Amino acid sequence: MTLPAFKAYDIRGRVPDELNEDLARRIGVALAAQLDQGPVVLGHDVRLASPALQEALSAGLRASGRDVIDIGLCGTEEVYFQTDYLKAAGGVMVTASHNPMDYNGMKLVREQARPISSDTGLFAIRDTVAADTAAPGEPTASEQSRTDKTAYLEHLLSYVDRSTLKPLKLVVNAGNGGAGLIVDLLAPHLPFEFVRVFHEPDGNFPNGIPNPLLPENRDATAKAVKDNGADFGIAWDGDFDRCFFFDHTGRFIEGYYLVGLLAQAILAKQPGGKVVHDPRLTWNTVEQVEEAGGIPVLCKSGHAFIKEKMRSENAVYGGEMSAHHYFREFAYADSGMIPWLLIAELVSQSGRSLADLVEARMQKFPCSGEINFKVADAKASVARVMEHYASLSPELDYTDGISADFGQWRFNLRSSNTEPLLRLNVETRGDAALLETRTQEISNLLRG
Ligand SMILES: O=P(O)(O)O[C@H]1O[C@H](CO)[C@@H](O)[C@H](O)[C@@H]1O
Ligand SMILES: [Mg+2]
């Protein structure tokens, strides 16, 4: 047995048996040993248990001679921004994301908010913690509280020309996570008319744990949009590093289409830039990026792959279909705030609704949505799919699972690196009927 809470990208488990204040304190001790010189930024989400896990992190860190910058209740992206902006040695965000009520977790970064993942420190942290039986030392460094968000808010606003913004009517749905705080601090500097839904942070989640992808949660933002004649609606996950868009009809916009949209928005800022994208769904992104004068860069999905690739390529923007958007100027980190500011600016400047901006693209490259299969034998199931399609001679690429291009349609089939699952994505060249028959044909094969 190894500590179950240590995953590929972060730490998450049930408190107290998979994650607790003792483990959190040991993690702080262990993280001090893994970072270069400098202070460590700490932050936490709205969960009731999160501050105590932060305080243990801080105690272990300061017992190890690390100055601690407590930035308080915040979104994950604030930890990334402050870690990089303040030139810290690293940062930890205590966040349970959309795990159950009795779960919590941490996301860890080193200098310039570079991810710490299982193969880049996180398992080395785990191994140290698992063998650490030492007595907790006492503090030999200080903790300072740094709640000023001015630098962060100014950074967010710098992505748009505020004189070109229109008084759009925007539904905002923090899901009782933490996004409402940042919306409200931005609001005085924006002309938008906000319709606030599930706005107050409440770690008891009276309206459900924040997760806009679940249909009942999706419909609350949809309803608010349609009922209020909003221009569009934005919903966030709890630590708001993910945002989700609803057009003026209340229709949720599948994340695939936000990648090409945001890339076109950004490439009008940065001519000729590179855009990193994942291989699950591609054709639209590639065409929208080239059409906007940029260069698309294919990259294995997963935030740490995306971020490393953006760095090596100097890519201005990176987008994943699963509602993750990374920005070079934002320390190559993801933000749940930059994207909607960019979209609001695009609608304001173009005179086009969010619906119109994506409508033709969704018709031209219709996609299945990511479809998950839990199966008895992932390898055997994947082979059953590949054998069935072999006689059609698809063009195959193994960048991230299997990508098979048949000409008028393609799919990607992946093993998740964060769950024991197979994940299917299918798209076609403007053919809804071929999309359905091929999705069902593949689905039946995987379920075989
Ligand atoms: O499909 P996987 O392996 O479970 O990866 C998912 O989690 C990553 C990190 O959040 C994301 O970066 C991925 O894009 C995806 O959301
Ligand atoms: Mg999140």
Side-chain angles (χ1 to χ4, degrees), residues 9-10 28 31-32 34-45 54 57-58 61 66-95 106-117 120-122 125 143-160 178-179 181-182 185-186 239-243 262 266 269-270 273-274 276 302-320 324-339 341-342:
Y9 296 125
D10 55 8
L31 168 70
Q34 206 73 30
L35 300 174
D36 216 312
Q37 323 172 309
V40 179
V41 164
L42 300 177
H44 67 265
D45 73 357
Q54 188 180 321
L57 239 17
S58 181
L61 274 164
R66 294 286 184 159
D67 290 332
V68 164
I69 308 174
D70 175 18
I71 71 165
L73 173 75
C74 66
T76 301
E77 75 191 60
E78 296 186 74
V79 170
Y80 303 154
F81 175 80
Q82 301 291 347
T83 298
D84 173 77
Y85 184 79
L86 300 166
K87 300 191 187 48
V92 185
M93 176 64 190
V94 181
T95 175
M106 304 170 184
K107 291 173 158 166
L108 290 71
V109 294
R110 65 178 70 250
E111 67 282 350
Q112 312 144 270
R114 301 168 175 271
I116 289 163
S117 309
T120 58
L122 196 50
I125 288 194
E143 179 178 291
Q144 37 269 319
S145 180
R146 201 181 157 279
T147 46
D148 174 29
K149 297 181 195 295
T150 310
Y152 168 62
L153 298 170
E154 276 181 30
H155 187 80
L156 292 183
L157 299 156
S158 77
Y159 287 84
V160 294
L181 252 174
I182 299 306
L185 291 173
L186 284 172
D239 58 357
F240 54 103
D241 54 2
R242 296 191 293 152
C243 56
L262 287 167
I266 291 264
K269 319 280 194 160
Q270 329 288 124
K274 285 174 178 186
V276 171
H303 80 111
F305 300 92
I306 295 293
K307 287 164 179 172
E308 291 196 22
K309 172 79 68 195
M310 291 178 73
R311 283 192 154 100
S312 62
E313 290 282 318
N314 181 43
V316 64
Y317 163 74
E320 301 188 271
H324 307 290
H325 301 289
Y326 315 91
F327 297 93
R328 174 184 64 207
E329 264 62 67
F330 196 62
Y332 294 93
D334 40 320
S335 171
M337 293 286 150
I338 296 169
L341 290 165
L342 283 178

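Each residue takes its place number in the sequence, starting with 1.
Annotation: the span from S117 atom OG to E308 atom CD amounts to 8.0 Å, rounded to 0.5 Å. Once rounded to the nearest 0.5 Å, the distance linking OG1 of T83 with CD1 of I69 reads 8.0 Å. Going from atom CG of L108 over to atom CG of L122 covers 6.0 Å, rounded to the nearest 0.5 Å. In this structure, CG in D241 is found 10.5 Å from CG in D45, a value given to the nearest 0.5 Å. Remark: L86 CG to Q144 CD distance equals 9.5 Å, nearest 0.5 Å. One finds the OG1 atom of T76 at 4.0 Å from the CE atom of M93 (value rounded to the nearest 0.5 Å).
The shortest side-chain heavy-atom distance between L31 and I116 falls under the 4.5 Å cut-off. Between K107 and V79, the closest side-chain pair of non-hydrogen atoms is not below 4.5 Å. Two residues are said to be in side-chain contact when any heavy atoms from C-beta on lie closer than 4.5 Å; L42 and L61 meet this criterion. Between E329 and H155, some side-chain heavy-atom pair lies under the 4.5 Å cut-off. A 4.5 Å side-chain heavy-atom check between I182 and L153 finds at least one atom pair inside the cut-off. Residues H324 and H303 fail the side-chain proximity criterion, which asks for heavy atoms closer than 4.5 Å.
No side-chain donor-acceptor contact under 3.5 Å links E111 to the backbone of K87. Judged by distance alone, the side chain of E78 and the main-chain N or O of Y152 form no donor-acceptor pair under 3.5 Å. Proximity of a side-chain donor or acceptor of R66 to a complementary backbone N or O of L35 within less than 3.5 Å is detected.
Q112 and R114 share a donor-acceptor pair across their side chains, judged by distance under 3.5 Å alone. Side-chain contact of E320 with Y326: a donor-acceptor pair under 3.5 Å is present, judged by distance alone.
Every residue two or more places apart in sequence or in another chain that forms a side-chain hydrogen bond (donor to acceptor under 3.5 Å, both in side chains) with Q54 is listed here: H44, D70.
Ring geometry, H325 versus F327: the interplanar angle falls from 30° to 60°, so the pair is classed tilted. Between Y9 and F305, the ring planes are perpendicular. Angles over 60° get that label, and only those under 30° would be called parallel.
Here the closest non-hydrogen pair linking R328 and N314 is NH1-O, 2.9 Å. Taking both residues in full, the closest heavy atoms of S335 and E77 are given as OG-OE2, 2.8 Å, listed atom of the first, atom of the second, then distance. The minimum heavy-atom distance linking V109 with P115 is given by the pair CG1-CA, 4.2 Å. The shortest non-hydrogen separation linking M337 to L156 is CB-CD1, 3.8 Å. Nearest heavy-atom pair, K149 versus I71, reported as atom, atom and distance to 0.1 Å: NZ-O, 4.4 Å. In this structure, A88 and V41 approach most closely via the heavy-atom pair CB-CG2, 4.0 Å.
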**Request:** Evaluate the salt bridge (charged side-chain N to carboxylate O under 4.0 Å, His left out) criterion for residues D334 and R242: first the C-alpha distance (whole Å), next the side-chain angles of each, then the deciding distance (0.1 Å), finally the verdict.
**Result:** CA-CA 8 Å; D334 40 320; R242 296 191 293 152; over 6 Å; no
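At most 12 heavy atoms of other shown residues, nucleotides or ligands fall within 6.0 angstrom of atom CD in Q37.
Judged by the 6.0 Å distance and 45° axis criteria, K269 is not positioned over the aromatic ring of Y317.
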